[PDB]
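Engineer: Dropping the structure in here first, questions after.
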Number of protein chains: 4
Amino acid sequence: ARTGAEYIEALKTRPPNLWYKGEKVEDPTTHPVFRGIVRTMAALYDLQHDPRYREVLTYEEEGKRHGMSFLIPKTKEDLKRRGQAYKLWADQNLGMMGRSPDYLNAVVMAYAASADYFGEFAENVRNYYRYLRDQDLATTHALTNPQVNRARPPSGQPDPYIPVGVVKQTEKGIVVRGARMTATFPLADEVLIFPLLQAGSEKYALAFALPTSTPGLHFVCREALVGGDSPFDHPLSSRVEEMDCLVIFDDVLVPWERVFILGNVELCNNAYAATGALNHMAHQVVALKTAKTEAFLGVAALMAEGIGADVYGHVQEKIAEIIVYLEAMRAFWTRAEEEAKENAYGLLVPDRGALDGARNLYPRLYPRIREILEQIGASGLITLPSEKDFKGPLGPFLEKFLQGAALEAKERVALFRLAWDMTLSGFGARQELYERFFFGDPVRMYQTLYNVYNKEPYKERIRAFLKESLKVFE
Amino acid sequence: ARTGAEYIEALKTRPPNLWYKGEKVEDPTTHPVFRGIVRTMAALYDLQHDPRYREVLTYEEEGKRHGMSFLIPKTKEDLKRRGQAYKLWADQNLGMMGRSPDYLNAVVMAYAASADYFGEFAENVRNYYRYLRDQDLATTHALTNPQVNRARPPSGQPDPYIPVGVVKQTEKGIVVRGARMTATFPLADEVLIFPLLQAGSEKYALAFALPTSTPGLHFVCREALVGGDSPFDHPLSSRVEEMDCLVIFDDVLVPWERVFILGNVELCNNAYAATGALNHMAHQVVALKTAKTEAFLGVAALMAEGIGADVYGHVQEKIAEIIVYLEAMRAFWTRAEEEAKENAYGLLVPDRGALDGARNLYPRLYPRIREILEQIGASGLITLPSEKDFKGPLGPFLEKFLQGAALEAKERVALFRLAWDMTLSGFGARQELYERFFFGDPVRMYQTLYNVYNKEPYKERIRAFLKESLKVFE
Amino acid sequence: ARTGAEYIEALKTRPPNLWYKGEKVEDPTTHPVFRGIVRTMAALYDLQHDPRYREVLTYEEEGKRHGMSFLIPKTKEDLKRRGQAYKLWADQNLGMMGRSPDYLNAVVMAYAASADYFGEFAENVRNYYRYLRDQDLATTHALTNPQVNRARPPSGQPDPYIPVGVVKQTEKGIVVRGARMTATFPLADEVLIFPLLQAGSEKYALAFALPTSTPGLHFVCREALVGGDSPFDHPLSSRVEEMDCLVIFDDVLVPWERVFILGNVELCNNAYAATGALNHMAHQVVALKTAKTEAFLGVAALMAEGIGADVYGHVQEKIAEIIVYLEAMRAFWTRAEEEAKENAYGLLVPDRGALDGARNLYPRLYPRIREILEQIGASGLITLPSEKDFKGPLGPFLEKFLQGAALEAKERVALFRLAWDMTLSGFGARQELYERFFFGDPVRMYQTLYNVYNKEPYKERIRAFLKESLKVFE
Amino acid sequence: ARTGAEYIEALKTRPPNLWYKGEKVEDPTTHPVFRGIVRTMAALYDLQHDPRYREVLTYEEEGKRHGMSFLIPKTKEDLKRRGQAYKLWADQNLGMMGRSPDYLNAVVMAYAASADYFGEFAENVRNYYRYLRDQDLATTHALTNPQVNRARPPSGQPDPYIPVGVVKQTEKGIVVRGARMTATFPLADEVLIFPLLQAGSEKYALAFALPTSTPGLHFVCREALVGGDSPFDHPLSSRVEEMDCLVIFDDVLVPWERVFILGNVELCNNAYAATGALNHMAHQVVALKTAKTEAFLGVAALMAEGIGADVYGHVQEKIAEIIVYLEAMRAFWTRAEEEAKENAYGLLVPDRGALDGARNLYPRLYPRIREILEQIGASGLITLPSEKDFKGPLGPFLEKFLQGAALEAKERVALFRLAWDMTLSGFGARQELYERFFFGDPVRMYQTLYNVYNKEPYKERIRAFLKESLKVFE
Ligand SMILES: Cc1cc2nc3c(=O)[nH]c(=O)nc-3n(C[C@H](O)[C@H](O)[C@H](O)COP(=O)(O)OP(=O)(O)OC[C@H]3O[C@@H](n4cnc5c(N)ncnc54)[C@H](O)[C@@H]3O)c2cc1C
Ligand SMILES: Cc1cc2nc3c(=O)[nH]c(=O)nc-3n(C[C@H](O)[C@H](O)[C@H](O)COP(=O)(O)OP(=O)(O)OC[C@H]3O[C@@H](n4cnc5c(N)ncnc54)[C@H](O)[C@@H]3O)c2cc1C
């Protein structure tokens with residue numbers, strides 16, 4: 001298990017090939033756009049060594065201590081342990097960090113446990129898992145093709161190599177060219193280029209991993225959403241801005257030992273479901289969204305009490321709505337673990353029904369949770385003087401005009417600055433788009449659910465009920 | 001455990017004091033408006049003796065066999081057993097029967113287990129429970145005051161005795177006068193007049209039970225929603241029309257042994273929560289709504305496949321939405337049982353958090369589930385020829401024009417007649433209003449949730465997070 | 001202009017070929033399922049002769065008096081006149097009659113004014129218009145193909161003649177075979193079989209009209225939704241149940257003079273838009289929905305005041321929501337008339353933009369308006385004793401328990417019976433499905449709007465705004 | 001009529017008493033946070049002198065040229081003229097500038113036309129109007145009390161002078177102390193402290209205006225939302241960030257000639273409605289939101305076409321939804337002008353029904369319009385490289401990977417940067433909160449609509465319809 005210092009030293013020594021506004025980022029640990037999130041990830045690693053949480057965040061195995069997200073669960077109790085670690089890490093950042101490495105460790109863990117799925121590349125997968133686990137490395141991933149012409153398949157874009165495709169194969173490995181649309185949290189040691197491809201997309205049907213410093217690999221950052229470094233003025237964006245980037249592959253060499261899937265469309269399409277990676281990554285997600293909803297509930301309640309709006313029925317109802325959604329997520333989480341069963345490879349996986357429910361329902365609930373905070377806070381959400389204003393000549397006036405019902409002005413503004421950062425700052429607004437799409441496009445996710453769900457039991461019950469209807473003709 | 005024949009004989013012998021369109025109902029077992037639901041309840045009782053379900057629906061105790069809904073659960077396994085019985089009974093009627101007696105048996109069971117709550121009336125409660133259990137009687141209940149002037153409390157209506165109040169107390173019991181707004185499924189042996197009263201409502205703070213044939217007690221039926229007796233034309237209304245009625249008390253004598261609460265506002269207000277009746281009745285409800293949602297999923301899928309509409313993405317998405325809601329209810333159900341703990345009286349009760357989530361979320365989901373069926377079926381939902389049309393001269397034409405994609409015309413119309421009866425018939429539409437309000441007014445239910453929920457843990461996490469914000473002033 | 005007596009005599013003399021539950025309807029003017037709506041239509045005709053409304057409902061032309069819906073408007077004032085007639089007729093039935101003949105007269109009027117559109121059949125159209133106008137006949141229409149396999153086109157169904165198609169052409173006319181899915185209000189003298197067909201549907205690309213008594217023509221009625229004849233118990237279903245039916249064509253001969261379009265797919269697809277029939281029929285619709293919304297507003301307000309629920313903020317807000325929707329419809333109506341312009345044939349047509357807005361927005365608003373009534377009335381909506389109960393032994397008790405805040409019990413129940421009939425009776429629920437689909441499937445209506453709307457002006461404004469963005473590279 | 005140069009010189013000479021992060025803003029015309037919006041307002045003034053728009057934006061009167069927003073309309077044509085000016089100004093900034101001065105000029109114009117309303121202060125109002133008109137000054141306003149304890153009235157806050165109240169009256173005027181919660185666009189010459197106060201709020205029942213440089217008057221700015229100065233990277237926030245601020249009154253002297261209402265609660269509460277200011281300001285708003293919706297439609301269409309997503313039905317439907325909302329706003333606008341009538345003071349005012357519909361409906365529509373853009377753009381909305389990236393080493397790669405369907409990469413990113421700035425940047429997200437609340441709290445706005453609307457006509461129609469119901473008892 002890594003310490004924060006080791007993570008920081010690793011990024012400083014071998015920084016990811018990041019670019020910000022036309023320039024290479026030489027040291028993300030000190031760069032104003034990335035130092036906040038780097039310190040945040042470092043704090044997550046350090047927590048693994050805190051005596052209070054060591055037993056929750058790590059496990060011992062033959063003299064070594066590994067991060068809990070690498071644990072191959074054998075019992076439901078083990079699943080619960082993984083869940084508690086997901087939750088503890090999530091709570092540290094109020095569920096605002098959506099791509100902490102444990103999400104992808106869940107994927108790689110499942111891939112390894114179900115390694116036989118990958119055929120000749122099975123050993124590569126098992127070895128990669130051990131590598132990530134032993135070194136406790138941080139990962140980032142990019143799974144979607146460039147948004148160019150969505151009316152055409154990957155092979156029908158303006159150029160054959162817009163999506164990442166194999167240029168050629170050599171004795172050393174494969175050379176790839178193209179790009180992946182989005183990679184969140186590129187402050188990692190490794191990048192996973194993992195897998196719905198249509199038939200005839202063989203050259204794009206790939207799955208591999210690479211060090212983020214690999215020659216020819218570039219991460220182009222979008223506009224930064226860090227509001228500043230003041231924790232008062234920017235409570236969340238100053239520390240949890242994970243960054244999103246376009247990933248470019250300029251004839252990058254992928255060593256054979258890093259290849260997990262090559263030229264197999266079906267193998268790519270069913271990788272997450274067959275291995276159980278889908279189940280485990282969604283397990284981290286349900287714990288994460290439960291933590292996120294808890295944070296929103298806390299802020300909504302404090303805001304309402306803070307300005308005396310809690311006496312109004314509709315405000316109480318809005319907060320109760322968040323409570324209902326919180327309980328729904330807790331329920332999915334519980335059922336996912338309690339109904340867990342082993343898959344074809346013997347890997348215990350949390351229930352897909354419950355997790356499909358959670359990941360397809362939360363994208364609908366989050367925009368409403370965000371709306372509720374807006375409706376409760378109203379103008380208080382944009383009446384945001386800075387800590388500098390409180391420290392300035394008008395400070396005394398602000399302490400009078402911005403106090404709340406039994407709440408001091410500085411505390412009140414600190415709270416609304418947080419509520420604003422969770423909803424209306426560039427950082428906060430991005431979180432909304434993130435919740436709507438991180439797991440996929442709802443339109444296709446729902447179509448996928450329809451097709452995979454076993455609807456026969458219900459159709460049969462109705463056919464049986466209709467027997468009496470048709471008997472009138474006998 | 002009662003058989004259907006015993007239930008039918010009991011209603012025939014001592015019929016409830018029902019009135020329909022100005023006339024007394026002498027025999028509900030043969031009356032056209034009530035015979036269907038009577039046969040349906042009778043079938044539920046008969047199922048208790050079916051070898052296939054006897055172990056699910058009943059339990060043995062010292063030579064006797066009792067209905068599972070009377071079982072005082074001591075373990076989570078016992079809770080699961082109660083849940084399986086709720087579900088099996090619910091499935092028989094596609095979750096359309098909302099007031100089957102097991103809902104109220106759950107209430108009385110909890111009242112009895114937590115009998116100490118009732119003080120001097122504790123023995124009356126325990127004895128009443130044993131009575132209902134041993135005789136396996138059917139119950140109905142009425143808990144709301146007449147909807148007259150909602151701007152005023154029970155004591156501020158046009159007359160002091162519009163709500164049910166105590167006129168006087170005698171050596172035999174109490175004399176009550178007034179009315180209860182609604183009692184669903186009055187085809188029962190007993191009626192429960194159970195309990196938010198404001199201070200000063202002592203004369204209305206009552207809780208008692210009476211035989212439905214008690215002199216002075218009247219049940220005034222609303223417009224009947226039985227479409228007819230043909231199972232083809234009216235698959236649900238011909239058998240599951242439970243009926244709703246206004247309950248009148250014309251100076252009715254309630255024997256002291258039937259009094260459970262007398263003149264105690266606080267005791268009335270906290271009765272369901274303190275005894276655990278709330279938890280157990282909501283447990284029956286979550287199982288019931290899971291069954292109901294399963295029925296809607298089955299019909300939606302069959303309709304879409306039936307007319308070839310399943311090939312359209314948005315139709316698949318609508319069905320997937322029902323699947324998401326189904327999984328949400330299953331999740332609440334699972335967590336309610338898995339997180340069960342004993343209350344102050346030592347009674348194991350399913351988790352209130354999960355159940356409050358389920359009963360406050362389903363009223364929002366049901367209208368949408370109903371809407372989805374409407375959007376999928378479109379004009380097919382009102383193109384409803386009768387079985388008589390298929391049996392008539394134009395039958396051959398109908399078999400051609402109303403066939404579906406690989407579905408025979410009679411089967412197609414049988415299906416759409418069912419979908420219509422579940423949504424658009426008077427019977428179906430009532431179900432919507434029922435789901436919106438049976439457990440209470442959402443406005444007040446949400447206000448109640450806000451006030452009872454422990455929000456402190458979340459507020460504290462935020463206050464802790466804000467410590468760094470306020471430190472900038474140090 | 002016809003009188004009600006003339007309409008009744010016409011239906012009695014030459015009744016439409018209606019079938020109800022396997023039997024031919026010999027006299028719809030006296031049949032229990034149809035006599036109510038027949039009397040209602042008769043009353044609409046009689047209103048044309050009422051001195052108070054004669055100038056609003058009819059116009060004089062060379063010694064004759066014609067119904068206003070036949071007026072070919074030459075000025076915006078004429079459009080306003082047509083609108084006032086639509087509204088006056090609509091108000092008579094609280095906007096619950098959705099297929100009164102003036103809707104189709106608007107279509108035929110436009111077809112006639114734009115007769116050149118039909119080529120060689122132009123004279124047939126002009127003559128048919130004059131026929132309907134002079135005789136002031138009632139019409140019904142059926143435009144959709146049987147809902148059998150929606151995954152395939154009209155030519156890909158289980159049989160080539162499921163949809164209405166031409167079997168052969170003779171010296172007398174064309175012989176057609178097939179069926180139309182739905183025809184509402186078949187208590188008419190004439191049926192219009194008017195027109196999105198895909199290429200290759202020539203044999204189905206038809207447009208013609210026939211007397212409803214034509215040999216081989218059959219109207220198969222769906223389950224009746226008439227609750228009874230009591231105006232107290234069934235205020236709307238006893239008089240406004242228009243009925244829906246499947247229309248069968250058993251090798252029906254259509255005389256050449258009744259053919260308007262034959263074997264021309266494009267001509268069929270653009271018929272409503274090119275002639276202006278779309279604009280005028282939608283004009284009747286916006287006036288109709290304005291009347292309907294006014295009725296819902298009135299009932300919602302009376303219900304709230306009636307039970308003292310009007311003192312609650314959220315109830316006031318719900319009623320205000322209906323007011324907002326009412327104003328939106330009034331606005332569309334006003335703009336449709338004020339922005340009217342002549343089409344290619346010189347026919348003044350109300351603005352399509354405003355009408356497309358109204359007909360695509362109301363299907364979304366109506367379900368909410370209906371929901372609002374449910375949320376306001378709650379249990380009062382199913383506490384529906386009959387007039388027979390008030391006339392019976394328990395009458396005195398009901399007058400006490402069902403009175404409202406300053407409202408007598410009989411008046412209160414009369415009101416809630418109406419609210420129930422507008423929302424929850426089989427009649428009321430059907431109205432919801434009707435609003436969702438009568439003008440077409442929202443999915444395709446929205447796709448149609450997207451494709452026909454001129455989006456260029458807005459795209460150009462954005463491109464212009466972006467000029468400054470691209471200049472940074474100069 | 002002012003030129004942009006005159007406006008800039010005025011702010012430079014007598015800058016508003018603005019504060020940003022604890023420091024006084026000496027010159028907002030050059031300050032990085034304010035120079036953009038100052039240039040934007042200056043451009044609006046300059047447009048008044050453009051030969052192409054002079055006749056639309058100004059009117060001639062006795063040798064002088066005044067801004068159209070000052071025109072006291074005498075005919076509907078004059079109303080149309082005011083509307084066209086509102087629209088032309090709005091289009092310049094895609095409807096993103098919500099507090100351009102013409103909104104408040106509409107208020108002052110109405111106040112002046114209805115000056116008699118103000119009694120002894122009538123002349124002050126007329127003179128103030130002439131002052132603003134002749135000098136063509138820019139105004140800002142603040143109408144709400146500090147959000148401290150919303151459970152209590154203005155007189156029940158922690159201090160009597162949290163809200164703005166009169167400390168004392170002198171021969172020169174009144175001395176006021178307190179604060180107003182929000183003032184948008186403080187880059188103005190004048191601030192309007194205009195008016196629902198409860199009885200007993202006399203000391204707070206004020207209405208006056210002051211130069212923004214008045215001693216003791218302070219504007220405390222919230223966190224700035226200017227993303228930068230690049231029009232490519234920040235197309236809107238670089239120029240339309242109006243800024244919001246808390247307004248402090250430190251014993252400010254208000255000259256008697258600037259007092260419009262003093263110590264009169266009722267006069268304050270009915271000021272906007274009685275004078276017609278409500279009608280005219282809402283008229284500017286409906287034109288503004290029509291312009292805003294047009295911009296969103298243009299961007300949505302370009303985005304969909306740009307990435308080839310326009311071929312998908314649901315995307316077309318989402319764009320059509322925006323079209324429906326656009327037409328709804330156009331309709332309200334048209335009806336507001338066409339149904340205009342004179343008020344009690346003889347001032348022609350646009351219809352309140354239509355405007356109440358527009359201002360109470362748009363706050364519900366905007367969040368959905370914003371959501372639609374998010375659903376269409378998906379990950380493209382956060383894949384935002386900078387113009388600096390295109391100008392850097394990876395430029396060639398970006399031109400390949402971020403091109404669209406028949407759209408160059410730079411154009412594509414320019415477009416998505418705009419879409420992002422309209423929805424997800426701090427600037428864009430604020431616009432959402434702004435639309436939800438700028439005209440007031442929806443909860444209270446709806447309650448206000450319920451209370452002021454004449455519901456009698458609809459209630460009467462229902463009572464009349466129910467006559468037949470009650471006749472069954474005769
Ligand atoms: C903040 C944020 C963070 C993210 N982080 C990551 C990450 O860390 N790793 C990663 O791999 N991905 C990440 N993503 C990407 C996310 O997984 C995708 O946004 C998502 O899967 C949907 O595809 P898309 O964005 O390419 O949109 P598109 O597919 O381009 O769709 C645009 C629109 O077109 C529609 N459309 C397009 N194609 C079809 C179709 N075939 N059928 C129906 N409709 C169609 C979509 O419905 C929609 O309305 C992130 C996204 C966001 C917004
Ligand atoms: C089909 C159906 C079956 C039912 N079956 C049963 C049954 O078997 N047994 C039983 O006991 N009950 C039954 N009920 C009753 C149900 O429990 C009640 O409808 C519900 O609790 C709400 O109260 P109410 O109907 O009296 O409506 P009301 O309280 O009259 O409310 C009408 C409207 O007024 C509002 N309003 C009124 N008071 C307030 C307030 N204080 N604060 C805020 N808003 C207010 C409500 O929000 C709403 O918009 C049934 C109801 C239906 C519809």
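Convention: chains lettered A, B, ... in structure tokens order; per-chain residue numbering from 1; ligands numbered from 1 as shown.
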Per residue of chain A within 12 Å of chain C, which atom pair is closest and at what distance in Å (one decimal), using only C-alpha atoms, listed by chain and increasing number, as a Markdown table?
Structural biologist:
```
| residue | atom | partner | partner_atom | distance |
| --- | --- | --- | --- | --- |
| A:312 | CA | C:313 | CA | 10.4 |
| A:313 | CA | C:314 | CA | 9.3 |
| A:314 | CA | C:314 | CA | 8.1 |
| A:315 | CA | C:314 | CA | 11.8 |
| A:317 | CA | C:314 | CA | 11.5 |
```
Engineer: Those residues you just picked out, can you put them in a file as a tab-separated table (two decimals), in the first residue's frame with N, CA, C and O atoms?
Structural biologist:
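See out.tsv below for the written result:
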```tsv
chain	number	residue	atom	x	y	z
A	312	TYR	N	-40.81	26.22	6.58
A	312	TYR	CA	-41.77	26.11	5.49
A	312	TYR	C	-41.94	24.67	5.04
A	312	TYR	O	-40.97	23.97	4.76
A	313	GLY	N	-43.20	24.24	4.95
A	313	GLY	CA	-43.49	22.88	4.55
A	313	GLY	C	-42.82	22.39	3.28
A	313	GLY	O	-42.24	21.29	3.26
A	314	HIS	N	-42.88	23.18	2.21
A	314	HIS	CA	-42.30	22.73	0.95
A	314	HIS	C	-40.79	22.55	1.03
A	314	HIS	O	-40.23	21.73	0.30
A	315	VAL	N	-40.13	23.29	1.92
A	315	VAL	CA	-38.68	23.15	2.08
A	315	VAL	C	-38.41	21.82	2.79
A	315	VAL	O	-37.49	21.09	2.42
A	317	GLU	N	-40.30	19.25	2.66
A	317	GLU	CA	-40.61	18.23	1.66
A	317	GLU	C	-39.45	18.02	0.70
A	317	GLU	O	-39.15	16.88	0.32
```
Engineer: With a cut-off of 8 Å, could you pull out the residues of chain A touching ligand 1 and give me the nearest pair of atoms for each, distance in Å to one decimal, using only C-alpha atoms and all ligand atoms, ordered by chain and ascending number, as CSV?
Structural biologist:
```
residue,atom,partner,partner_atom_place_in_ligand_line,distance
A:99,CA,ligand 1,8 (O),6.4
A:140,CA,ligand 1,8 (O),6.8
A:141,CA,ligand 1,9 (N),5.0
A:142,CA,ligand 1,11 (O),3.6
A:143,CA,ligand 1,11 (O),3.5
A:144,CA,ligand 1,11 (O),5.3
A:145,CA,ligand 1,26 (O),6.8
A:146,CA,ligand 1,26 (O),7.0
A:147,CA,ligand 1,30 (O),5.1
A:148,CA,ligand 1,30 (O),7.8
A:150,CA,ligand 1,38 (N),5.2
A:151,CA,ligand 1,38 (N),6.8
A:180,CA,ligand 1,11 (O),7.7
A:181,CA,ligand 1,12 (N),7.3
A:182,CA,ligand 1,13 (C),5.0
A:183,CA,ligand 1,8 (O),4.3
A:184,CA,ligand 1,8 (O),3.8
A:185,CA,ligand 1,8 (O),7.0
A:244,CA,ligand 1,3 (C),6.4
A:430,CA,ligand 1,1 (C),5.8
A:431,CA,ligand 1,1 (C),6.4
A:432,CA,ligand 1,1 (C),8.0
A:433,CA,ligand 1,53 (C),5.0
A:434,CA,ligand 1,1 (C),3.7
A:435,CA,ligand 1,1 (C),7.5
A:436,CA,ligand 1,53 (C),7.2
A:437,CA,ligand 1,19 (O),4.9
A:438,CA,ligand 1,17 (O),4.4
A:439,CA,ligand 1,17 (O),5.2
A:440,CA,ligand 1,21 (O),3.3
A:441,CA,ligand 1,22 (C),4.2
A:442,CA,ligand 1,47 (O),7.2
A:443,CA,ligand 1,47 (O),5.5
A:444,CA,ligand 1,43 (C),6.3
```
Engineer: Write out as a PyMOL selection string which residues come within 12 Å of residue B:158 when counting only C-alpha atoms, dropping same-chain ones fewer than 3 positions away.
Structural biologist: (chain B and resi 146-155+161-163) or (chain C and resi 307+399-408)
Engineer: Just the number, please: distance in Å from atom CA of residue A:214 to atom CA of residue D:397, one decimal.
Structural biologist: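 Computing the Euclidean distance for atom CA of residue A:214 and atom CA of residue D:397 yields 17.2 Å.
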Engineer: B:260, B:103, B:118, B:111: which is nearest ligand 2, counting only C-alpha atoms and all ligand atoms?
Structural biologist: B:103
Engineer: Which polymer residues have any atom within 12 Å of an atom of residue B:368, counting only C-alpha atoms, with same-chain residues fewer than 5 positions away left out, as number ranges by chain?
Structural biologist: B: 293, 296, 318-319, 321-322, 325, 361-363, 373-375, 423, 432, 435-436; C: 367-368, 371
Engineer: Could those selected residues go to a file with C-alpha atoms, as a short mmCIF file (atom, residue, chain, number, x, y, z; two decimals), in the first residue's frame?
Structural biologist:
```cif
data_model
loop_
_atom_site.label_atom_id
_atom_site.label_comp_id
_atom_site.auth_asym_id
_atom_site.auth_seq_id
_atom_site.Cartn_x
_atom_site.Cartn_y
_atom_site.Cartn_z
CA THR B 293 -44.80 -3.54 -10.71
CA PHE B 296 -47.11 -3.95 -15.21
CA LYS B 318 -39.87 2.81 -21.36
CA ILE B 319 -39.94 -0.87 -20.44
CA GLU B 321 -37.74 2.30 -16.82
CA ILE B 322 -40.32 -0.06 -15.31
CA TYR B 325 -38.52 0.88 -10.62
CA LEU B 361 -41.21 6.85 -3.61
CA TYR B 362 -43.80 4.48 -5.08
CA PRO B 363 -46.60 7.07 -5.12
CA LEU B 373 -48.43 1.55 -20.51
CA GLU B 374 -50.55 4.28 -22.11
CA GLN B 375 -47.65 5.45 -24.26
CA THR B 423 -55.03 1.79 -16.37
CA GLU B 432 -53.86 5.45 -9.63
CA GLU B 435 -51.47 4.60 -5.05
CA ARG B 436 -51.17 8.37 -4.69
CA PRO C 367 -51.94 14.76 -17.86
CA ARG C 368 -50.65 17.28 -15.32
CA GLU C 371 -53.10 15.00 -11.88
#
```
Engineer: Give me, as a tab-separated table, the closest atom pair and its distance (Å, one decimal) for every residue of stretch 33-111 of chain A within a cut-off of 12 Å of stretch 232-235 of chain A, counting only C-alpha atoms, rows sorted by chain and rising number.
Structural biologist:
```
residue	atom	partner	partner_atom	distance
A:36	CA	A:235	CA	11.1
A:93	CA	A:235	CA	10.2
A:94	CA	A:235	CA	11.0
A:96	CA	A:235	CA	11.4
```
Engineer: What lies within 12 Å of stretch 59-65 of chain D using only C-alpha atoms, ignoring chain neighbours under 4 positions off, as number ranges by chain?
Structural biologist: D: 1-3, 48-49, 53-55, 69-73, 78, 81-82, 85, 133-136
Engineer: Write out as a compact mmCIF listing (two decimals) with C-alpha atoms, in the first residue's frame which residues come within 9 Å of residue A:196 when counting only C-alpha atoms, dropping same-chain ones fewer than 4 positions away.
Structural biologist:
```txt
# COMPACT_ATOMS: atom_id res chain seq x y z
CA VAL A 265 -15.23 -7.44 -31.21
CA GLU A 266 -17.38 -9.86 -29.20
CA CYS A 268 -14.55 -6.52 -26.16
CA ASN A 269 -18.33 -6.07 -26.03
CA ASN A 270 -18.85 -8.66 -23.28
```
Engineer: Please provide as a PyMOL selection string all residues within 12 Å of residue A:46, with the sequence filter that same-chain residues fewer than 3 positions apart are discarded (counting only C-alpha atoms).
Structural biologist: chain A and resi 1-8+39-43+49-54+57-58+67+89+92
Engineer: Taking only stretch 115-335 of chain A into account, list the residues labelled alpha helix (DSSP H) by DSSP (computed from the backbone), as a ChimeraX atom specification.
Structural biologist: /A:122-135,265-275,277-306,313-335
Engineer: Among the residues of stretch 81-311 of chain C, find those DSSP assigns to strand (DSSP E) from the backbone and print them as an NGL selection string.
Structural biologist: :C and (139-141 or 165-169 or 173-184 or 190-193 or 206-211 or 217-221 or 244-255 or 259-262)
